[PDB]
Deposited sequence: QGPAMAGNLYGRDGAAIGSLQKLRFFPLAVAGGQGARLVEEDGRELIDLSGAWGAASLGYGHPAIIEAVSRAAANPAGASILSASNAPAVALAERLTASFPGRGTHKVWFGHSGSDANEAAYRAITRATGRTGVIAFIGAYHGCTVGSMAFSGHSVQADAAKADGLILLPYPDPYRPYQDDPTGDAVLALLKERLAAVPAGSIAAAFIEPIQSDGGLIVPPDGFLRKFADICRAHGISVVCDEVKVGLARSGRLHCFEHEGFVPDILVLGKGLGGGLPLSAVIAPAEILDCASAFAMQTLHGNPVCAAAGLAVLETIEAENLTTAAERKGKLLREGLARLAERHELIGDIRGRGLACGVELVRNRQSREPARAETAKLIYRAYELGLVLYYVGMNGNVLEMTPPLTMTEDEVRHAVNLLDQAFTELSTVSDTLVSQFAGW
């Protein structure tokens, strides 16, 4: 608690920035970055296996993002989509709609964040249908605004379901059929046509990076469509190439009615999008708008991200580098009993820590200590999960094979030195 520490960048953050928006696990204080590496005020370098919770899709200082943002700042097509059309925003909407199977029928709404986008999707669908009921999952993370929290699991007529977890199956049913049956029984108890939409994550993020059982999401989508319920796929976390296909729903044998994007869409700038049927997004005007929505600098960044996914073959990169990561982690699991489950798709990877592999008892304290030690060793990653025991890895898609190796090595050391981290120091955060 001395003056030198209080005067460093982390101490100044405490004195100037309120705690309201902080989610802090260790005293990471960044002054710069390059590739998949962060540089602290003191000059210390770290590998960022978080990639800013997935937002730094192209890592730090990617030349495509430099080029686009500098170009747009020097010759910006205004500042907004609200009261003018602008070139970069329109080009972006065109590209996003062309990427999606509903390209002939769908349009785009632009926001600043995943929270904003999920709020707008819910508001538009309820307006369009005149119904407010909504299905979502327990543990779902759809945002942290009043409008997006109304159907988060982490609104009038909310039905919340368990998300089927192959490692901890609801009703001991590894197929997830018991969750579908539960949904049917819930729907039987409400008036016909009273549910407007279903929000789903195709890999549950904050819930624990939980890939649902084979077939489950297709079946779920079929139940929704049988009731005329719009299926909204929240791909803020696992979209745009991260899963090893461009859209994560490509792994799951269905196409949603509405696709929600964010995080890495902006490559480190604030950008989100909803791709929805024209009838949904055209049901009102001047209805869900913020002044800087569709600003050209952020639109330019989104174009750069899409262009770079193509130019650097990042779908295939994510699939290759995800296999490499998972190989490394499987080697770690030979040596460290704490590792209970390694899961995910592409470069959305979760590692669940347990005190015993038979019982699967969660290792909550151990996880928090692990990530603190990793920070000390020069690797940044966080945890998530209902039980606080799932390491989250969402590195930049451009992270090199060498940086994947180094991160795995640093993680190996963290696991070895877990214990060394004091309870008091960790409970500060």
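Peer 1: Which parts of the deposited sequence have no C-alpha atoms in the model?
Peer 2: Residues lacking C-alpha coordinates: 155-162, 438-440.
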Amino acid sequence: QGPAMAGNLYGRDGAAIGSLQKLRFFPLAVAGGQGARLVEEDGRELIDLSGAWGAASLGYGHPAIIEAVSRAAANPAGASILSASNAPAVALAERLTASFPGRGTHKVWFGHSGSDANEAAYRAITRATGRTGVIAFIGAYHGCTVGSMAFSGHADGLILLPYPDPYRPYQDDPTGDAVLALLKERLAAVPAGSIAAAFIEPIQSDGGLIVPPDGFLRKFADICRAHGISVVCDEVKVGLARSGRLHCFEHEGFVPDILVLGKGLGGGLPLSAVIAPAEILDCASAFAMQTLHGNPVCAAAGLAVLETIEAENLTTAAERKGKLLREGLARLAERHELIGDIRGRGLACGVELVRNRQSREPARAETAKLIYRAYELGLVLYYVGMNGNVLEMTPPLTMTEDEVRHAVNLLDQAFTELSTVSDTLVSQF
From here on, numbers count along this sequence of modelled residues.
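Peer 1: Please compare 358-366 with 35-43 and name the stretch with the higher mean C-alpha B-factor in the deposited structure.
Peer 2: Result: 358-366.
Peer 1: Tell me which of 326-334 and 73-81 has the higher mean C-alpha B-factor in the deposited entry.
Peer 2: Mean C-alpha B-factor is greater for 326-334.
Peer 1: Out of 414, 17, 23, 9, whose C-alpha atom has the biggest B factor in the entry?
Peer 2: Top of the list by C-alpha B-factor: 414.
Peer 1: Out of 316, 86, 272, 129, which shows the largest CA B-factor listed in the entry?
Peer 2: Max CA B-factor in the entry, restricted to 316, 86, 272, 129: 129.
Peer 1: How does the C-alpha B factor of residue 291 compare with the rest of the chain: lowest, middle or highest third?
Peer 2: Answer is lowest: the recorded C-alpha B-factor places it there.
Peer 1: What third of its chain, lowest, middle or highest, does the C-alpha temperature factor of residue 191 fall into?
Peer 2: Answer is highest: the recorded C-alpha B-factor places it there.
Peer 1: Lowest, middle or highest third of the chain for the C-alpha temperature factor of residue 150?
Peer 2: For residue 150, whose C-alpha B-factor we compare with every modelled residue in the chain, the answer is the highest third.
Peer 1: Compared with the other modelled residues in the chain, in which third is the CA B-factor of residue 173?
Peer 2: Ranked within chain, residue 173 CA B lands in the highest tercile.
Peer 1: Just say lowest, middle or highest third for the CA B-factor of residue 63 relative to the other modelled residues in its chain.
Peer 2: Residue 63: CA B-factor falls in the middle third of its chain.
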